[PDB]
Amino acid sequence: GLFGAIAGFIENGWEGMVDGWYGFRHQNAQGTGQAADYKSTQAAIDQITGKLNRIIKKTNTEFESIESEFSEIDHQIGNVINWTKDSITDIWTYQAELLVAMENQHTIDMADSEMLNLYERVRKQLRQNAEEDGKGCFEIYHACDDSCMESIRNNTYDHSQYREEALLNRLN
Amino acid sequence: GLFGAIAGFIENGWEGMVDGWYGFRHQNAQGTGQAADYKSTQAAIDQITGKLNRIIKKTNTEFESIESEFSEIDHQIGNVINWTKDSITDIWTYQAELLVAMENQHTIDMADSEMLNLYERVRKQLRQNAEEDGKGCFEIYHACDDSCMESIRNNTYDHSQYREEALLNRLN
Amino acid sequence: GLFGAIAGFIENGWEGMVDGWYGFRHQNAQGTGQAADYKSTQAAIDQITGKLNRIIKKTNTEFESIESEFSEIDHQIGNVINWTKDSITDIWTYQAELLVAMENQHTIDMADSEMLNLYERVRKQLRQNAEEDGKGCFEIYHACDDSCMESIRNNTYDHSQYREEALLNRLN
Amino acid sequence: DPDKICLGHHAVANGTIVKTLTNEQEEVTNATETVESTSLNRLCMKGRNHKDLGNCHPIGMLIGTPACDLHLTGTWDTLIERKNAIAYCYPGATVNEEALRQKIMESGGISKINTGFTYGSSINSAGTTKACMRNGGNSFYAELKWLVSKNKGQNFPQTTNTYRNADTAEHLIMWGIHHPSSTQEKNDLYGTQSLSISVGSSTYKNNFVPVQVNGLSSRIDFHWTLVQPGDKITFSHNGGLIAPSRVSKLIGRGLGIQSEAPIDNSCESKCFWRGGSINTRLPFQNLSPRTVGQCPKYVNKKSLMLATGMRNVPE
Amino acid sequence: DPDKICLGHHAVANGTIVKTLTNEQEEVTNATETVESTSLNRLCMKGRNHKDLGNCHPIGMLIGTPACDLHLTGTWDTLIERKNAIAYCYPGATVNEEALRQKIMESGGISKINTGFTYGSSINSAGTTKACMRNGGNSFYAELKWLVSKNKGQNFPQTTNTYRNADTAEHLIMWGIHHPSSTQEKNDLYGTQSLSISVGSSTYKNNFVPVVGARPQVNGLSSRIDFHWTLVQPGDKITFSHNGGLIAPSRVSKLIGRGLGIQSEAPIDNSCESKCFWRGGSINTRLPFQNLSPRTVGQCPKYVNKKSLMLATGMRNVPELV
Amino acid sequence: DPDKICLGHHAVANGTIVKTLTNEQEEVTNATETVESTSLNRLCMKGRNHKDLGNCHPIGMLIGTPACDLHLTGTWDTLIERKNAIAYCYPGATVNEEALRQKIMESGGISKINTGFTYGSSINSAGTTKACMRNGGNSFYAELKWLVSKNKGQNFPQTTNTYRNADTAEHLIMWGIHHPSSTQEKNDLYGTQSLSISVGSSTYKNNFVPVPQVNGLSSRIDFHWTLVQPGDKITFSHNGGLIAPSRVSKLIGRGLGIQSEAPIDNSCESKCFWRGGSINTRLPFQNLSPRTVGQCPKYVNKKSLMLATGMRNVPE
Ligand SMILES: *[C@@H]1O[C@H](CO)[C@@H](O[C@@H]2O[C@H](CO)[C@@H](O)[C@H](O)[C@H]2NC(C)=O)[C@H](O)[C@H]1NC(C)=O
Ligand SMILES: *[C@@H]1O[C@H](CO)[C@@H](O[C@@H]2O[C@H](CO)[C@@H](O)[C@H](O)[C@H]2NC(C)=O)[C@H](O)[C@H]1NC(C)=O
Ligand SMILES: *[C@@H]1O[C@H](CO)[C@@H](O)[C@H](O)[C@H]1NC(C)=O
Ligand SMILES: *[C@@H]1O[C@H](CO)[C@@H](O)[C@H](O)[C@H]1NC(C)=O
Ligand SMILES: *[C@@H]1O[C@H](CO)[C@@H](O)[C@H](O)[C@H]1NC(C)=O
Ligand SMILES: [Ca+2]
C-alpha cells in the first residue's frame, strides 16, 4: 500500500474488532484489552459516504425516443443513430470502468493513510518512553496500568510523567 | 489528510505568514522569529501552475451549426440532434465535475505532502539533538542562536557540532 | 514527490543496479556490496502491469460506415455526422490525455511510496542500533559483517543481539 | 517483560473482490454495485397525468378511428402507445407516418377545432362502411367526412372548402384521398370525369389523383400539414377527397412511452423502456440502450463493484 | 526551558469552498472558476474579413432577390445571417432548403458565371412582377429569367438550354418551376398543352410538372415559384428541356474556400476579437467550459449543466481559531 | 567510525519524457505509446470470407453489368468496394442510388431468383447494345431484358408480367425504363402511341412515362427498385419502354462493408479498416483516420501520448 500500514507492517486485520475500523490492543500487568478509535474510524467512513453521495446519481436531463419500438424508421438515419448510441455507450462504459477503478484505488489508500496517521499520533505522544517493534506495536518501557492505556487512546498521555523511569529501563 | 501534516498534527495555519506557503517559527534566548521556506512553497505553486496550464484551455476543433436559429428544421433529424447534443452535454458535465473534484482532492493532498516532506527533512537534519512535540515543532536540546536557526532553515545545520551538549541535556 | 523518497531525500538513483528497481548498498569492515530487493521491485512492476492490462485494449463494439468514401451524401445529414464525430473525437482525445496524465502521476508516486515503504521497514528493524543520515542511509553503530547485512535485507536482523554494543557506541 | 500497545484495523470472514487501477482481484471489507441489472415489469405512473392508449394508435386520435373514441381529446404529461395499436379502420397508410406519430407522442394533449366545412345538396357527407364499426353499426373516421355523389353514377360537383386558423398557435390538419381498384366503383361514387384534388396554404401545396387487404384493393391514404396562425388552407376537389370535419392542435409537451408492460398508479419513476420502469438510484444500467426520461446511462457491464471499505486481510 | 523550531503553513481569513471526491464543502486558501457564465452581447469581428448580410438570406444571394443586390458576389472568412432575412421576393420555397443555406454559410465567398442561355423570339425572357421591386419598378430575381410565351395564350415552344462548366472547380446551378393558382393563368402564360420540365447532367436528373391549384395569397399572389439546385462538376454539362413553366438560370454560382457561418441578432464590433459565437454574441473566455448555450460555432469551451465549478489553486485553509 | 547501509532505486542514462497532472516534461525510466501512428497499407482478410469487387460497383451486382459478371451471386462476411467502380454499361442512374449501395454493403451475400417472365412472339427479349460488351460481342445487363417490337416500327403490344415471392424472406426487384432522345429513334422500337409503365404490389405501386451524349449515346436507361414481401406478388403493365427483370435479388445475412483503394493480403488478420488499409494495433487509440469500420481504437487528435511504465529517472 501507498502508506504501508494496512496490508503492510501491520501483518493483518482483526475479525474480533466489530465496534470500529481502527483500534488498539494492549498487554500490561492487569491483562489484555481491545478498544476501537472513533475519530479515525469516522474520518474514513465520512470520506467513503462523500464518494457514495457524488457517485450514486443520474442526470436531470429528460431524453425522448428517437427509435420506435413498434415501427421501422428510415434506414440511413437509423444507422446514424445506431453509430452515435454505440459510440456514447462505449464512452459511458469506459468512464464508469475508470471512475470505479480510480475511486477504489483511492478508497483503499485513504484508509491506509488513516491507519498510519493514528500510529504516528501515538508514536509522537509516547515520545522517548516506548519503541516500535515494526508490527504496529509500541513496547512501552514503564508500568502502563489500564488508566495509562486509556490515556494513550484518549490522547491525554503525558510522556514527561514516565520519562525518567522509561529512559532508565531503555538504556539498562 | 493523506499525510496528516495540514489539518493534522499541525493544529492550524499562520495568517501572519504572507511571504510563503510553508515556513518556520523558532524560540531561542535572543527571542522569536518567523521565515518562509522558498523551495517547498515554489514546489507546491509550480505543481498547481502545471494543473492550470493543462486544465485552462478549449480544443482547436472548429464546429459548424447543425441547428438554424431563425428557421424550423425537419422534426426527425431535429430529435436526433437534440438527443445527441443532450447526451454530449451529460458527458462534458460529468467529465468536468470529475476532473475538478479529482484535481481538488490531489491539490490538497499534494500541499499536505510538501509540508510533511519539509518536517521530515528538518527531523532527519536535527538527528539526535531534538525531539518531536507532536504539534510540528522540534524541542532543540541545546543553545540554538539565530545563526544556528538560519542553519536549520538553510539546510547547513551540522548535528555533530551540538551532539555532545544535546545528548547530555536529553538524558539528564 | 508525494513520499519524498525518489527525487527527494535520496539524491539520485543507481545506473549500476540492473537486477531490480529498489535495493541496498552497504559499507562494513569487509568492504562494499550491492543487492536488489525483490519483493519491493515486484510490488511496483505488478501494479504497472495491472495498469497496462486495463489501458492497452479497444472495445468489442463493431462499427459500420455512415460516411461513403467514394460518393457525396445529403449535405445536412453529412454536417450532423461531421459535428457528432468531431464531438466524440474531442471527448476521446480529452479522456486519453487525462487518463495517461493521471496514471503517470500515480505510477510515479506509487514507485516513490514503495521506496519509502522499504526504508521504513529497515528503519523499524534496526530500532535503536542505527541513525538516519538523511540521504537514505542508516549509520549502524556496531560491527555489521556481510551475514549481518544479508540479515537486514532478508528481514531476519534481531536488534536485541547488537543493542548493548550499539547503545554504548551511540552515547559515547 | 515490557508492557506494549498495538495499533490495528478490522477485517471480515467474507470479503468482496473489486477492481483498482493496478489490481483486477482486490479483496475489500465492503463494496456496492453501480450498474442496475434488475427492472420493474410495470409502468410507474404515480404523480403523472398519463393516458394509456391501449388498442388506439396515436395517429388514430387525429382522424378518429373507432378504437380511439375515448382519446379524440384531452391533456397529459405522459402518452403510452401499445403494440399492434389500430390507426386505420379502412385500409390505407399516412405519408410521413412515423414523423406524425413522433409529433403526437411529444405532445402534452390535443384540442379539436371545427373546419365548419359545408357541402351542396348534390353531395353525401355521412358516407359510412362496415370496416369502421361504431355503436355496432356502419360508421367512419369521426374527424373526417366521406364525400360521395347522392345519385349513384352522377358526376361529383366541383367544390372549394377553406379552413382559416383563427388561433395564435399552429394547427394540424389531416385529410384522406380514396383510391378505388375498379373503374365501376369510381364512376358509381364520383362519376366518369377525370378526378383532381388540390390543397394549398402559404406553407404547403399539393395535387392528388385517385389511382387485397380485408378483401378490398381500394384504399383511403391520409396526408397532413401544419397550418400557421392567421393563414388559411383551401381544398379544391371534383370528388374522391375525404375531408376534415375537425383540425387537431397539439398542446404543450409530454413523455412518449412505447411499452407492452402494464400500468401501476401506486409506484413512481422518471425512467422507462420497452420492458417497464427503472427506479434504481444507481448511475448506470445494462437493461437496454433504448430508454426515455431521466435515466442511468447504458453500459456494456454486468457488474461494476465500488469499494466502500479498506483492504480485507484475514488471519 | 528548551530552544525550539516549529514548522507550519500559511492560511487566510476568507477561504473559498470547493468540491473534492470525498467532501462537498472543502475550504481552501484560493480557487479559480472553470465554467464561463459571462457573454459579450456583440459579434467580435476583429482580424476577420466578415460580411453582415442584414435583410439578405444566404439563398437570396444565389438567385438574386432585390434585398441581396449588394451580396450577389464577394469573398469572406465569416458570414453573418440575420432574423427574418428575405430569400424570396416572389412566394415559394427551395427543395432541400436548409442543406443549401448550410452549404452557403460554410463558403468563404461567391463567384457568378453567365449560362449564356438564349431563347426563340416566341419566348419573353424579361417577365417581371410587382412583388420583386428594384429601382422602385417591377423586376425579378437577378440570376434567373421568367420564361413566358410572347403572345398571351400561345403554347410555349419546346426549348433546350445547356450549361457546360468550363471551370476547374464545381459550380452551383439553381432554377425555379412556376406553379400558378388558376388554369386561366397557366394557359394565358404557357398554353393549354401538358407541361413537362427535364433537367439532366452526368451526376443529376429530375422531371418537374407545374401544379395548378386554388391556394391562399402571399403578397397578394396565390401563384408560387419553387427552386431546385445541384452541383455541376468541372467539364460536365447540364441540359434543361422545357415546354414552358421553367424559371431559367441566367447565371450559375461558384462557392469559394471555407468560412464560419454565424446566426446572431447581435451587432458587429471590429475592435474586439473571438473564435467562438452563439445567437447572443461572442465568447472570449480562456476557460475550458461555459453554461451560456449548447448551440455555439467555432473553437469553443464545452457546454456544461453547471453554474460554477471551482478548481482549488491552494492548500486546505485552517485559520487561527478565536 | 560506524558501518552504514543505504537504500536506493535504479536509473538509466536515456530516460523518456511523459506528461503528468502537474509536469509537462517528467523524465521516467520507461514509458510506452498509447496512440497508434503506423498503418498497414493492405487489407488483412485472413480468416474472413471476403469478396473484392474491383471494377464492379455493388448496384452493378443486382442488374448484372458486364464488369460485375464474377459477382452476380455468392456468400461473404466482408465486401470491399473500390473507387470509380462501374454500375452502368448503358448511360443512366438508379433512383435512391446511395440507399441501395449501403443496403448491399451491409449484406452477407446475394441469391438470384428467376422471375420466369414470358413474352408474346410480337416481342424481342434479347435486345442488345455496343455499350455493354460481353464475349467480344454486343450484350446487355444479365439480370434484365430489353423489350422491343420484333417488327421495326410496329406499336408495342400491351403486356402484363407478374412475379410472386415463393421465399420466406423479402426479395429485391429492380427494373429499368428506356428514354430515347429523338422521336425518329423511338418509332423504330415502340410506336407513336402514349407509353405508360405501371408496377404494383401490396406494399407500394407507381407508373412512369418515357421522355446530350454519353459513350456516344443520347438515349438513357434509368433504374428503380423496391422490396417484395414473402407471399406477395408484383405485376408489371407496359405498352413498351420497360427494361424487365429476368431475375430478382435476395440479400443474405449481414457483412462488413469496406471502401478502400488498398490491396488484399490473406496472410494477415484484422478487425479494423479504413480507406488506407488495416489497423491491427493492440493500443487503445489511433490518429490515422476518424473514418474506420469494425472493432477499432478510438480516433484522437494526438500524435503521441506516452504512458509511464517506470519510476522517475534521476541520473548520476
Ligand atoms: C440498429 O441496431 C438494432 C439493434 O442492434 C438493429 O435491430 C436488430 O437487427 C438484428 C440484425 O439484423 C436483428 O436480428 C434483431 O432482431 C434486431 N434487434 C433489435 C433489438 O431490434 C437494427 O437493424 C439497426 N438499425 C438499422 C437501421 O439497421
Ligand atoms: C465533413 O468533413 C469532411 C472532413 O473534414 C469533409 O471532407 C472534405 O470535403 C471537401 C469536398 O468539398 C474536400 O475538398 C476535402 O478534401 C474533404 N476532406 C476529406 C479529408 O475528405 C466533408 O466535406 C464534410 N461534409 C460536409 C457536408 O460539410
Ligand atoms: C430541440 O430542443 C430545442 C430547445 O429546447 C427546442 O426549442 C426544439 O423544439 C427541440 N426540437 C424538437 C424537434 O423537438
Ligand atoms: C546558508 O545559511 C547560513 C546561515 O548562517 C549561511 O551562513 C550560509 O552561508 C548559507 N549558504 C549559502 C550557500 O547561502
Ligand atoms: C456494506 O454497506 C452497506 C450499506 O450501508 C450495508 O447494507 C451492508 O450491510 C454492509 N456490509 C457489511 C459486511 O458491513
Ligand atoms: Ca461542413
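Refer to the structure above for everything that follows.
A few points on the structure. (Residues numbered from 1 in each chain as written, not as in the entry; some residues may be left out. Chains lettered and ligands numbered in written order. Heavy atoms only, no water. Residues with missing side-chain atoms left out of burial classes, pairs and counts.)

Glancing now at the interface of chain D and chain B. Every contact between the two is made by six residues of chain D and, on the other side, four residues of chain B. Summing the contributions of chain D and of chain B, the shared interface buries around 500 Å²; its carbon and sulfur component is 36%. The largest share of the area that chain D buries against chain B comes from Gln 102, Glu 106 and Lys 297 of chain D, three residues that together contribute 65% of it. Between the two partners, chain D and chain B, sit one salt bridge. A salt bridge links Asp 90 of chain B to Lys 297 of chain D; the nearest nitrogen and oxygen atoms lie 2.6 Å apart. Across the contact surface, chain D and chain B share four residue pairs in polar contact. With five residues, helix α2 (residues 97–106) of chain D is the largest single contributor of residues to the side of chain D that touches chain B. (Contact = heavy atoms within 4.5 Å. Buried area = accessible area lost by both parts, 1.4 Å probe. Salt bridge = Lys/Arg side-chain N within 4 Å of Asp/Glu carboxyl O. Polar contact = N/O pair within 3.5 Å; in protein donor to acceptor, adjacent residues only side chain to side chain. Helix = DSSP H or I, 4+ residues; strand = E, 2+ residues; numbered from the N terminus.)

All names here are of chain A. For helix α4 (residues 159–171), with 13 residues, the first-to-last C-alpha span of 17 Å sits near the 18 Å given by 1.5 Å per residue. Roughly 35° is the biggest bend found in α4, and it falls at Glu 165. Once α4 ends, the next one or two residues include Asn 172, with phi positive near 55°. (Expected span 1.5 Å × (residues − 1). Bend = angle between axes of the 7 residues up to and from the residue.)

For the rest of this paragraph, the subject is the coordination of the calcium ion (ligand 6). Surrounding the calcium ion (ligand 6) are the protein donor atoms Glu 64 of chain B (OE), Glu 64 of chain B (OE), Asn 79 of chain C (OD1) and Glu 106 of chain E (OE), which sit 2.5 to 2.6 Å from the metal. Highlighted residues: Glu 64 of chain B in the loop between α1 (38–55) and α2 (75–126) and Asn 79 of chain C in helix α2 (residues 75–126), drawn from two different chains. Judged by relative accessible area, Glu 64 of chain B falls into the partly exposed class, the value being 29%. (Donors = N, O, S within 2.8 Å, 3.2 Å for Na, K, Ca; no water. Buried < 20%, exposed > 50% of the residue type's maximum accessible area, 1.4 Å probe, protein only.)

Here we take up the state of the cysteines. The term disulfide refers to a covalent linkage connecting the sulfur atoms of a pair of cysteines. One pass over the full model with this rule turns up 17 disulfides over all chains. Across a sulfur-sulfur distance of 2.1 Å, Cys 137 of chain A and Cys 6 of chain D are joined as a disulfide pair. Disulfide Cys 137 of chain A-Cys 6 of chain D: torsion about the S-S bond near 100°, hence right-handed. With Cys 137 of chain A in strand β4 (residues 137–140) and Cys 6 of chain D in strand β1 (residues 3–9), this pair bridges two chains. The pair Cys 137 of chain A / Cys 6 of chain D is uniform in exposure class, with both members buried. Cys 89 of chain F shares a disulfide with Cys 132 of chain F; S-S distance 2.0 Å. (Disulfide = S-S within 2.5 Å.)

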